[PDB]
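Colleague: This one is structure25.txt, compact mmCIF, C-alpha atoms.
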```txt
# COMPACT_ATOMS: atom_id res chain seq x y z
CA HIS A 169 0.00 0.00 0.00
CA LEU A 170 2.92 2.27 -0.82
CA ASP A 171 1.01 3.49 -3.90
CA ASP A 172 -1.37 5.15 -1.42
CA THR A 173 0.97 8.12 -0.99
CA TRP A 174 0.81 9.19 -4.63
CA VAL A 175 -1.75 11.64 -5.96
CA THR A 176 -2.23 13.06 -9.43
CA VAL A 177 -2.95 16.78 -9.55
CA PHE A 178 -4.45 18.17 -12.73
CA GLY A 179 -6.27 20.95 -14.53
CA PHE A 180 -3.70 23.75 -14.62
CA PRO A 181 -2.02 25.40 -17.63
CA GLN A 182 1.69 24.65 -18.07
CA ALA A 183 2.62 28.19 -17.01
CA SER A 184 1.11 27.58 -13.55
CA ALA A 185 2.72 24.20 -12.96
CA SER A 186 5.28 25.37 -10.39
CA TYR A 187 2.77 27.55 -8.61
CA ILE A 188 0.35 24.66 -8.01
CA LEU A 189 3.30 22.45 -6.97
CA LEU A 190 4.16 25.01 -4.27
CA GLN A 191 0.53 25.04 -3.11
CA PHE A 192 0.59 21.30 -2.66
CA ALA A 193 3.82 21.47 -0.76
CA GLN A 194 1.64 22.90 2.06
CA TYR A 195 -0.06 19.53 2.57
CA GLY A 196 3.06 17.61 3.46
CA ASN A 197 6.50 16.51 2.40
CA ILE A 198 6.81 15.91 -1.30
CA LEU A 199 9.35 13.09 -1.56
CA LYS A 200 9.13 13.10 -5.32
CA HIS A 201 7.21 14.58 -8.24
CA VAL A 202 6.83 14.00 -11.96
CA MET A 203 5.50 16.70 -14.24
CA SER A 204 4.12 15.85 -17.65
CA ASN A 205 5.29 17.26 -20.97
CA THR A 206 2.04 16.55 -22.83
CA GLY A 207 -0.85 16.81 -20.35
CA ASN A 208 -2.11 19.21 -17.70
CA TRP A 209 -1.14 17.06 -14.74
CA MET A 210 1.65 16.12 -12.35
CA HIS A 211 2.19 13.19 -10.00
CA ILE A 212 3.13 13.98 -6.43
CA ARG A 213 4.46 11.48 -3.96
CA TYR A 214 4.01 12.40 -0.31
CA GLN A 215 5.76 11.01 2.71
CA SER A 216 2.66 9.62 4.40
CA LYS A 217 -0.76 8.34 3.28
CA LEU A 218 -2.23 10.95 5.69
CA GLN A 219 -0.69 13.80 3.70
CA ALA A 220 -1.89 12.35 0.40
CA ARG A 221 -5.44 12.35 1.79
CA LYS A 222 -5.09 16.00 2.73
CA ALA A 223 -4.10 16.67 -0.88
CA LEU A 224 -7.00 14.58 -2.14
CA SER A 225 -9.44 16.58 0.02
CA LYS A 226 -8.63 19.46 -2.30
CA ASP A 227 -10.21 17.92 -5.37
CA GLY A 228 -12.49 20.49 -6.97
CA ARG A 229 -11.23 23.55 -5.12
CA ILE A 230 -10.19 26.76 -6.91
CA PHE A 231 -6.51 27.62 -6.67
CA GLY A 232 -4.55 30.80 -6.67
CA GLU A 233 -7.32 32.50 -8.66
CA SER A 234 -9.25 30.98 -11.49
CA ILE A 235 -7.89 27.47 -11.46
CA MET A 236 -10.16 24.66 -10.31
CA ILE A 237 -7.82 21.76 -9.60
CA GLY A 238 -8.54 18.07 -9.63
CA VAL A 239 -6.77 15.57 -7.39
CA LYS A 240 -7.10 11.80 -7.85
CA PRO A 241 -5.29 8.73 -6.45
CA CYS A 242 -2.37 8.06 -8.76
CA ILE A 243 -2.82 4.95 -10.93
CA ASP A 244 0.14 5.21 -13.32
CA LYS A 245 2.29 2.24 -12.35
CA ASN A 246 5.07 3.09 -14.75
CA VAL A 247 5.54 6.43 -12.96
CA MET A 248 5.35 5.00 -9.45
CA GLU A 249 7.91 2.50 -10.85
CA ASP B 171 -30.85 19.72 -9.51
CA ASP B 172 -28.85 16.47 -9.26
CA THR B 173 -28.90 17.11 -12.99
CA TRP B 174 -26.32 19.90 -12.88
CA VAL B 175 -22.66 19.08 -13.14
CA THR B 176 -19.44 21.14 -13.26
CA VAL B 177 -16.67 20.27 -15.74
CA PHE B 178 -13.20 21.65 -15.20
CA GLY B 179 -9.51 21.70 -15.99
CA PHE B 180 -9.50 22.55 -19.68
CA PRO B 181 -7.82 25.64 -21.20
CA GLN B 182 -10.26 28.11 -22.83
CA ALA B 183 -9.12 27.01 -26.26
CA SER B 184 -10.51 23.49 -25.71
CA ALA B 185 -13.77 24.63 -24.18
CA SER B 186 -16.11 23.85 -27.08
CA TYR B 187 -14.32 20.59 -27.78
CA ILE B 188 -14.97 19.48 -24.20
CA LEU B 189 -18.60 20.55 -24.40
CA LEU B 190 -18.88 18.41 -27.53
CA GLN B 191 -17.43 15.51 -25.59
CA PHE B 192 -19.96 15.93 -22.76
CA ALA B 193 -22.88 16.35 -25.14
CA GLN B 194 -22.66 12.66 -25.92
CA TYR B 195 -23.59 11.62 -22.35
CA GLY B 196 -27.13 12.99 -22.37
CA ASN B 197 -29.25 15.86 -23.56
CA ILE B 198 -27.80 19.18 -22.46
CA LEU B 199 -30.61 21.55 -21.45
CA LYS B 200 -28.24 24.34 -20.51
CA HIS B 201 -24.56 25.22 -20.24
CA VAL B 202 -22.71 28.14 -18.63
CA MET B 203 -19.04 28.78 -19.35
CA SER B 204 -16.98 30.64 -16.77
CA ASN B 205 -15.34 33.81 -18.07
CA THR B 206 -12.83 33.79 -15.20
CA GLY B 207 -12.09 30.42 -16.85
CA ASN B 208 -11.23 26.75 -16.31
CA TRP B 209 -14.73 25.34 -15.75
CA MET B 210 -18.24 25.29 -17.18
CA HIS B 211 -21.60 24.17 -15.79
CA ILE B 212 -23.77 21.71 -17.62
CA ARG B 213 -27.32 20.73 -16.86
CA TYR B 214 -28.40 17.43 -18.34
CA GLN B 215 -32.01 16.37 -18.74
CA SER B 216 -31.96 13.33 -16.45
CA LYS B 217 -30.04 12.51 -13.27
CA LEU B 218 -28.90 9.28 -14.91
CA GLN B 219 -27.22 11.46 -17.58
CA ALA B 220 -25.45 13.69 -15.03
CA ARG B 221 -24.20 10.60 -13.22
CA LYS B 222 -22.89 9.43 -16.60
CA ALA B 223 -20.88 12.63 -16.96
CA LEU B 224 -19.93 12.43 -13.28
CA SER B 225 -18.32 9.06 -13.93
CA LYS B 226 -15.89 10.53 -16.50
CA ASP B 227 -14.25 12.50 -13.65
CA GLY B 228 -10.48 12.04 -14.00
CA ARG B 229 -10.59 10.73 -17.57
CA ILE B 230 -8.21 12.02 -20.21
CA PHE B 231 -9.81 13.71 -23.24
CA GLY B 232 -8.29 14.02 -26.73
CA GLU B 233 -5.15 16.19 -26.83
CA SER B 234 -4.52 14.76 -23.34
CA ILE B 235 -6.47 17.13 -21.16
CA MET B 236 -7.35 15.35 -17.91
CA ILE B 237 -10.88 16.53 -17.01
CA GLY B 238 -12.56 16.89 -13.63
CA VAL B 239 -16.29 16.46 -13.14
CA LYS B 240 -18.15 17.20 -9.93
CA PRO B 241 -21.69 17.86 -8.76
CA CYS B 242 -22.59 21.50 -9.39
CA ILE B 243 -22.61 23.57 -6.20
CA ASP B 244 -22.73 27.13 -7.55
CA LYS B 245 -26.34 27.77 -6.41
CA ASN B 246 -26.69 31.10 -8.20
CA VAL B 247 -25.89 29.42 -11.53
CA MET B 248 -28.36 26.58 -11.00
CA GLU B 249 -30.77 29.53 -10.41
CA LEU C 170 -13.75 13.49 -47.08
CA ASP C 171 -15.34 16.72 -48.32
CA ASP C 172 -18.94 15.44 -48.22
CA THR C 173 -18.83 15.00 -44.45
CA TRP C 174 -18.01 18.69 -44.02
CA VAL C 175 -20.59 21.42 -43.65
CA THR C 176 -20.42 25.11 -42.73
CA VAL C 177 -23.03 26.64 -40.43
CA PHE C 178 -23.59 30.37 -40.45
CA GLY C 179 -25.63 33.34 -39.36
CA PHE C 180 -25.31 33.49 -35.60
CA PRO C 181 -23.68 36.03 -33.23
CA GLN C 182 -20.58 34.97 -31.28
CA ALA C 183 -22.72 34.85 -28.16
CA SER C 184 -24.74 31.99 -29.59
CA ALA C 185 -21.85 30.00 -31.09
CA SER C 186 -21.68 27.38 -28.28
CA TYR C 187 -25.41 26.92 -28.41
CA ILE C 188 -25.42 26.34 -32.17
CA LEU C 189 -22.59 23.79 -32.01
CA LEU C 190 -24.71 21.88 -29.47
CA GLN C 191 -27.73 22.01 -31.75
CA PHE C 192 -25.79 20.52 -34.63
CA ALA C 193 -24.16 18.02 -32.32
CA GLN C 194 -27.50 16.20 -32.28
CA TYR C 195 -27.50 15.40 -36.01
CA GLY C 196 -24.45 13.20 -35.94
CA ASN C 197 -21.07 12.74 -34.39
CA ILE C 198 -18.96 15.88 -34.63
CA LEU C 199 -15.43 14.65 -35.29
CA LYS C 200 -14.06 18.14 -35.77
CA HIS C 201 -15.17 21.74 -35.72
CA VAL C 202 -13.48 24.99 -36.64
CA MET C 203 -15.06 28.27 -35.60
CA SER C 204 -14.11 31.63 -37.06
CA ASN C 205 -13.01 34.35 -34.64
CA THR C 206 -13.95 36.98 -37.23
CA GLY C 207 -16.87 35.63 -39.30
CA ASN C 208 -20.34 34.47 -38.28
CA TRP C 209 -19.73 30.85 -39.32
CA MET C 210 -18.16 27.59 -38.20
CA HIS C 211 -17.00 24.47 -40.07
CA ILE C 212 -18.22 21.11 -38.84
CA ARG C 213 -17.06 17.68 -39.91
CA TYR C 214 -19.40 14.70 -39.24
CA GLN C 215 -18.55 11.04 -39.45
CA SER C 216 -20.87 10.27 -42.34
CA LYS C 217 -22.29 12.01 -45.38
CA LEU C 218 -25.76 11.15 -44.12
CA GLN C 219 -25.31 13.20 -40.99
CA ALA C 220 -24.08 16.18 -42.96
CA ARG C 221 -27.13 15.79 -45.18
CA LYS C 222 -29.26 16.06 -42.04
CA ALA C 223 -27.42 19.15 -40.89
CA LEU C 224 -27.88 20.42 -44.45
CA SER C 225 -31.65 20.06 -44.26
CA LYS C 226 -31.58 22.72 -41.54
CA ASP C 227 -30.64 25.51 -44.00
CA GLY C 228 -32.95 28.47 -43.47
CA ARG C 229 -34.78 27.29 -40.35
CA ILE C 230 -35.03 28.93 -36.97
CA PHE C 231 -33.17 27.94 -33.84
CA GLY C 232 -34.91 29.05 -30.65
CA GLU C 233 -34.19 32.75 -29.96
CA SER C 234 -35.21 33.71 -33.56
CA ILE C 235 -31.78 32.86 -35.07
CA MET C 236 -32.30 31.77 -38.71
CA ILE C 237 -29.32 29.56 -39.53
CA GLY C 238 -27.72 28.88 -42.88
CA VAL C 239 -26.02 25.63 -43.83
CA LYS C 240 -24.00 24.88 -46.96
CA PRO C 241 -21.53 22.22 -48.06
CA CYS C 242 -18.05 23.24 -46.87
CA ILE C 243 -15.84 24.65 -49.66
CA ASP C 244 -12.93 26.03 -47.59
CA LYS C 245 -10.17 23.69 -48.76
CA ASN C 246 -7.69 24.88 -46.15
CA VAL C 247 -9.93 23.93 -43.26
CA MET C 248 -10.82 20.53 -44.73
CA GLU C 249 -7.19 20.46 -46.01
CA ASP D 171 -44.90 35.45 -55.04
CA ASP D 172 -41.68 34.89 -57.02
CA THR D 173 -40.32 38.39 -56.35
CA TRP D 174 -40.09 38.05 -52.59
CA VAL D 175 -36.90 36.92 -50.97
CA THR D 176 -35.91 36.79 -47.34
CA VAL D 177 -32.28 37.54 -46.44
CA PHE D 178 -30.74 36.36 -43.15
CA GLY D 179 -27.71 35.76 -40.96
CA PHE D 180 -26.70 39.29 -39.96
CA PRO D 181 -26.68 41.14 -36.59
CA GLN D 182 -29.18 43.99 -35.95
CA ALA D 183 -26.41 46.56 -36.44
CA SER D 184 -25.68 45.42 -40.04
CA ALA D 185 -29.28 45.49 -41.20
CA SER D 186 -28.99 48.76 -43.14
CA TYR D 187 -25.60 47.83 -44.60
CA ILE D 188 -27.02 44.50 -45.86
CA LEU D 189 -30.14 46.11 -47.27
CA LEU D 190 -27.99 48.66 -48.99
CA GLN D 191 -26.01 45.72 -50.37
CA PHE D 192 -29.02 43.86 -51.71
CA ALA D 193 -30.25 47.06 -53.33
CA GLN D 194 -27.67 46.53 -56.04
CA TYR D 195 -29.48 43.50 -57.50
CA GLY D 196 -32.70 45.24 -58.50
CA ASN D 197 -35.29 47.75 -57.38
CA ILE D 198 -36.45 47.03 -53.90
CA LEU D 199 -40.12 47.97 -53.94
CA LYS D 200 -40.79 47.03 -50.32
CA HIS D 201 -38.72 45.68 -47.41
CA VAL D 202 -39.58 44.36 -43.97
CA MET D 203 -37.09 44.05 -41.11
CA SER D 204 -37.78 41.83 -38.11
CA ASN D 205 -37.48 43.40 -34.68
CA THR D 206 -36.60 40.03 -33.23
CA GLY D 207 -34.93 37.83 -35.89
CA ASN D 208 -31.68 38.14 -37.85
CA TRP D 209 -33.60 38.46 -41.11
CA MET D 210 -35.48 40.82 -43.41
CA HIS D 211 -37.90 40.16 -46.28
CA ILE D 212 -37.21 42.01 -49.55
CA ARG D 213 -39.70 42.44 -52.39
CA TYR D 214 -37.98 43.09 -55.73
CA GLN D 215 -39.33 44.39 -59.00
CA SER D 216 -38.79 41.39 -61.29
CA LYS D 217 -38.30 37.72 -60.46
CA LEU D 218 -35.18 38.06 -62.60
CA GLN D 219 -33.72 40.40 -59.96
CA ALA D 220 -34.93 38.21 -57.10
CA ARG D 221 -33.18 35.21 -58.67
CA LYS D 222 -30.07 37.34 -58.76
CA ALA D 223 -30.49 37.92 -55.02
CA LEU D 224 -30.90 34.21 -54.35
CA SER D 225 -27.71 33.51 -56.28
CA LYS D 226 -26.03 35.24 -53.38
CA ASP D 227 -26.96 32.59 -50.79
CA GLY D 228 -23.93 31.51 -48.77
CA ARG D 229 -21.59 34.29 -49.95
CA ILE D 230 -19.64 36.40 -47.46
CA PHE D 231 -20.80 40.00 -47.44
CA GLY D 232 -18.53 42.86 -46.77
CA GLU D 233 -16.64 42.18 -43.63
CA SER D 234 -17.34 38.84 -41.91
CA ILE D 235 -20.97 38.19 -42.67
CA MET D 236 -22.01 35.01 -44.52
CA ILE D 237 -25.52 35.64 -45.80
CA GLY D 238 -28.37 33.28 -46.42
CA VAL D 239 -31.02 34.05 -49.03
CA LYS D 240 -34.11 31.97 -49.71
CA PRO D 241 -37.52 32.38 -51.28
CA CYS D 242 -39.87 34.20 -48.94
CA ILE D 243 -42.34 31.81 -47.35
CA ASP D 244 -43.90 34.26 -44.90
CA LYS D 245 -47.47 34.65 -46.15
CA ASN D 246 -48.40 37.29 -43.58
CA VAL D 247 -45.58 39.61 -44.68
CA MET D 248 -46.53 39.05 -48.31
CA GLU D 249 -49.92 40.63 -47.36
```
What's the structure tokens form of this structure?
Modeller:
Amino acid sequence: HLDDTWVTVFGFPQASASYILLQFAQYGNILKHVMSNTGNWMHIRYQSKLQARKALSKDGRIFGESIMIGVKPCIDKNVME
Amino acid sequence: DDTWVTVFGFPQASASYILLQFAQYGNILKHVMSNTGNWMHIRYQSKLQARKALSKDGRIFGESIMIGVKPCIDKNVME
Amino acid sequence: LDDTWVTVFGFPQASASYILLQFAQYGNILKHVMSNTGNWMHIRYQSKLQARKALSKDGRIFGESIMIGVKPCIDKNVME
Amino acid sequence: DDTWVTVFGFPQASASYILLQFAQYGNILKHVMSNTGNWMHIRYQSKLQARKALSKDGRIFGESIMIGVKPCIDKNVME
């Protein structure tokens, strides 16, 4: 159940990627993160399942302005390696 | 009311493409597109249709735009 | 695939999204190109039969008193 | 009546410019604008002129206005 510390944040334009990443740094310790070249999403790996849930609780909220953000349990196995 | 749904996470340029995508899940009686941007509200005809859209939450659409779908909560929009 | 393309015209920008949704019910819209300047959009359906259905809507009224025009698409750049 | 045509597809603010434009196809004996719809009905002198109007269906007028032209079917207007 190690995969339970990974979330997938999405919905932001590429220019706001780092901003959103900072915002999610507030929910815990990001041990690792993988941005995406193509899509509007990133994968964040927290230190504890408790921090991932805090991140998840943010699904649907509006960030830094006019950016509704989606947060889902990560399911990309290749990325979680 | 359980017929309204909010779709989000797409850049303004893909807005009508996403609406086209969501049109195929039921009959859209009304749609409102945020100007501030990033989301839009859609009101299907039946609750079973909204729940159909609702289930696409987290799916990746076309040009690889992950989309979020949640029950609509902006009361003033729903009138 | 020219015969699956159609161009819809005669509506104000404000009603563009609403018109695309109206035509979305005649077939499967595989591609659409709207003009930022003109009062027309280009729509590509999956089959010629759908386009023919969109075509039968030439000169009819859509809700708010918006008489729409529909003609086979002749813009070769858009279709390519 | 084969001399009546109804032109459509233009915003309220272009009504006069479009009428002016269709005045170059024949003598417009009578014209009726709609206070609600994006169309006007134009009665020409000859059917020969009216057919010339109809030949303009689908063409882009002036700026960015594609225009539709069809035979008038409004019986009330053709009073």
Colleague: If I take CA of residue 211 (chain B) and CA of residue 239 (chain A), how far is one from the other in Å, to one decimal?
Modeller: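 Calculated distance between CA of residue 211 (chain B) and CA of residue 239 (chain A) is 19.1 Å.
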Colleague: Report, in Å with one decimal, the straight-line distance from CA of residue 227 (chain B) to CA of residue 229 (chain A).
Modeller: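 Taking CA of residue 227 (chain B) as the start and CA of residue 229 (chain A) as the end point, the length is 14.3 Å.
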Colleague: Counting all atoms listed in the file, what are the residues of chain A within 12 Å of chain B, and for each of them which pair of atoms is the nearest and at what distance in Å, to one decimal? Sort the table by chain and rising number, as a Markdown table.
Modeller:
```
| residue | atom | partner | partner_atom | distance |
| --- | --- | --- | --- | --- |
| A:175 | CA | B:228 | CA | 11.9 |
| A:176 | CA | B:228 | CA | 9.5 |
| A:177 | CA | B:236 | CA | 9.6 |
| A:178 | CA | B:236 | CA | 6.6 |
| A:179 | CA | B:179 | CA | 3.6 |
| A:180 | CA | B:179 | CA | 6.3 |
| A:181 | CA | B:181 | CA | 6.8 |
| A:182 | CA | B:181 | CA | 10.1 |
| A:183 | CA | B:181 | CA | 11.5 |
| A:184 | CA | B:181 | CA | 11.9 |
| A:204 | CA | B:234 | CA | 10.4 |
| A:205 | CA | B:234 | CA | 10.4 |
| A:206 | CA | B:234 | CA | 6.8 |
| A:207 | CA | B:234 | CA | 5.2 |
| A:208 | CA | B:235 | CA | 5.9 |
| A:209 | CA | B:236 | CA | 7.2 |
| A:210 | CA | B:236 | CA | 10.6 |
| A:227 | CA | B:238 | CA | 8.6 |
| A:228 | CA | B:240 | CA | 7.2 |
| A:229 | CA | B:178 | CA | 10.4 |
| A:230 | CA | B:208 | CA | 9.5 |
| A:231 | CA | B:208 | CA | 10.8 |
| A:233 | CA | B:206 | CA | 8.6 |
| A:234 | CA | B:206 | CA | 5.9 |
| A:235 | CA | B:208 | CA | 5.9 |
| A:236 | CA | B:179 | CA | 6.4 |
| A:237 | CA | B:179 | CA | 6.6 |
| A:238 | CA | B:238 | CA | 5.8 |
| A:239 | CA | B:228 | CA | 8.4 |
| A:240 | CA | B:228 | CA | 7.0 |
| A:241 | CA | B:228 | CA | 9.7 |
| A:242 | CA | B:228 | CA | 10.4 |
| A:243 | CA | B:228 | CA | 10.9 |
```
Colleague: Expressed in Å to a single decimal, how great is the separation between CA of residue 215 (chain A) and CA of residue 195 (chain A)?
Modeller: 10.3 Å
Colleague: Select, as a PyMOL selection string, those residues of chain B with any atom no more than 12 Å from chain C (distances computed using all atoms listed in the file).
Modeller: chain B and resi 183-203+210+212+232
Colleague: So which residues are close to (-42.8, 32.0, -49.9), meaning at most 8 Å away in the file's coordinates with all atoms listed in the file counted, and can you show them as a ChimeraX atom specification?
Modeller: /D:171-172,174-175,241-245
Colleague: Save out the residues we just selected, C-alpha atoms, as a compact mmCIF listing (two decimals), in the coordinates of the input.
Modeller:
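To be explicit, this is the file written out as part.txt:
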```txt
# COMPACT_ATOMS: atom_id res chain seq x y z
CA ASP D 171 -44.90 35.45 -55.04
CA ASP D 172 -41.68 34.89 -57.02
CA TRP D 174 -40.09 38.05 -52.59
CA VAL D 175 -36.90 36.92 -50.97
CA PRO D 241 -37.52 32.38 -51.28
CA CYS D 242 -39.87 34.20 -48.94
CA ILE D 243 -42.34 31.81 -47.35
CA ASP D 244 -43.90 34.26 -44.90
CA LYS D 245 -47.47 34.65 -46.15
```
Colleague: Neighbours of residue 196 (chain C) within 10 Å (only C-alpha atoms; same-chain residues fewer than 2 positions away dropped), as a PDB file with C-alpha atoms, in the frame of the given file?
Modeller:
```pdb
ATOM      1  CA  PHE C 192     -25.790  20.520 -34.630  1.00  0.00           C
ATOM      2  CA  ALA C 193     -24.160  18.020 -32.320  1.00  0.00           C
ATOM      3  CA  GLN C 194     -27.500  16.200 -32.280  1.00  0.00           C
ATOM      4  CA  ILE C 198     -18.960  15.880 -34.630  1.00  0.00           C
ATOM      5  CA  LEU C 199     -15.430  14.650 -35.290  1.00  0.00           C
ATOM      6  CA  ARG C 213     -17.060  17.680 -39.910  1.00  0.00           C
ATOM      7  CA  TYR C 214     -19.400  14.700 -39.240  1.00  0.00           C
ATOM      8  CA  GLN C 215     -18.550  11.040 -39.450  1.00  0.00           C
ATOM      9  CA  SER C 216     -20.870  10.270 -42.340  1.00  0.00           C
ATOM     10  CA  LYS C 217     -22.290  12.010 -45.380  1.00  0.00           C
ATOM     11  CA  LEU C 218     -25.760  11.150 -44.120  1.00  0.00           C
ATOM     12  CA  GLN C 219     -25.310  13.200 -40.990  1.00  0.00           C
ATOM     13  CA  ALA C 220     -24.080  16.180 -42.960  1.00  0.00           C
ATOM     14  CA  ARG C 221     -27.130  15.790 -45.180  1.00  0.00           C
ATOM     15  CA  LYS C 222     -29.260  16.060 -42.040  1.00  0.00           C
ATOM     16  CA  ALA C 223     -27.420  19.150 -40.890  1.00  0.00           C
TER      17      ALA C 223
END
```
Colleague: Using only C-alpha atoms, which protein or nucleic acid residues come within 8 Å of region 237-240 of chain C? Drop anything in the same chain fewer than 4 positions from it, and give the result as a list in words.
Modeller: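 Counting only the stated atoms, we get residues 175, 176, 177, 178, 179, 180, 223, 224, 225, 226, 227, 228, 229, 230 and 231 of chain C; 178, 179, 228, 237 and 238 of chain D.
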Colleague: Selecting N, CA, C and O atoms, how would region 219-235 of chain B from this structure be written as a compact mmCIF listing (two decimals), in the first residue's frame?
Modeller:
```
# COMPACT_ATOMS: atom_id res chain seq x y z
N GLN B 219 -28.15 10.86 -16.61
CA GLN B 219 -27.22 11.46 -17.58
C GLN B 219 -26.09 12.22 -16.88
O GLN B 219 -24.93 12.15 -17.30
N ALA B 220 -26.42 12.95 -15.82
CA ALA B 220 -25.45 13.69 -15.03
C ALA B 220 -24.48 12.69 -14.37
O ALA B 220 -23.27 12.91 -14.35
N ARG B 221 -25.03 11.60 -13.85
CA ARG B 221 -24.20 10.60 -13.22
C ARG B 221 -23.30 9.93 -14.26
O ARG B 221 -22.24 9.39 -13.92
N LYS B 222 -23.70 9.99 -15.52
CA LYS B 222 -22.89 9.43 -16.60
C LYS B 222 -21.70 10.37 -16.80
O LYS B 222 -20.57 9.93 -16.97
N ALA B 223 -21.96 11.67 -16.81
CA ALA B 223 -20.88 12.63 -16.96
C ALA B 223 -19.96 12.50 -15.73
O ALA B 223 -18.74 12.36 -15.85
N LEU B 224 -20.60 12.54 -14.56
CA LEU B 224 -19.93 12.43 -13.28
C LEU B 224 -18.93 11.29 -13.22
O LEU B 224 -17.92 11.39 -12.52
N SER B 225 -19.20 10.22 -13.96
CA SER B 225 -18.32 9.06 -13.93
C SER B 225 -17.10 9.20 -14.80
O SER B 225 -16.21 8.35 -14.75
N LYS B 226 -17.04 10.27 -15.61
CA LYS B 226 -15.89 10.53 -16.50
C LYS B 226 -14.84 11.38 -15.77
O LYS B 226 -13.80 11.70 -16.34
N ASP B 227 -15.14 11.72 -14.51
CA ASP B 227 -14.25 12.50 -13.65
C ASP B 227 -12.86 11.86 -13.56
O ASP B 227 -12.72 10.75 -13.05
N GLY B 228 -11.83 12.56 -14.07
CA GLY B 228 -10.48 12.04 -14.00
C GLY B 228 -10.01 11.43 -15.31
O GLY B 228 -8.84 11.08 -15.46
N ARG B 229 -10.92 11.30 -16.26
CA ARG B 229 -10.59 10.73 -17.57
C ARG B 229 -9.77 11.71 -18.37
O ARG B 229 -9.79 12.91 -18.12
N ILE B 230 -9.03 11.19 -19.35
CA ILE B 230 -8.21 12.02 -20.21
C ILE B 230 -8.92 12.17 -21.56
O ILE B 230 -9.29 11.17 -22.19
N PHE B 231 -9.12 13.42 -21.98
CA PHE B 231 -9.81 13.71 -23.24
C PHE B 231 -8.88 14.23 -24.34
O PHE B 231 -8.05 15.11 -24.12
N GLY B 232 -9.06 13.67 -25.54
CA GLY B 232 -8.29 14.02 -26.73
C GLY B 232 -6.82 14.33 -26.54
O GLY B 232 -6.00 13.49 -26.11
N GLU B 233 -6.51 15.59 -26.90
CA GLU B 233 -5.15 16.19 -26.83
C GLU B 233 -4.48 15.99 -25.42
O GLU B 233 -3.50 16.73 -25.05
N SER B 234 -5.00 15.02 -24.67
CA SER B 234 -4.52 14.76 -23.34
C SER B 234 -4.69 15.96 -22.41
O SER B 234 -3.76 16.70 -22.06
N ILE B 235 -5.96 16.12 -22.06
CA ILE B 235 -6.47 17.13 -21.16
C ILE B 235 -7.19 16.24 -20.15
O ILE B 235 -8.18 15.62 -20.49
```
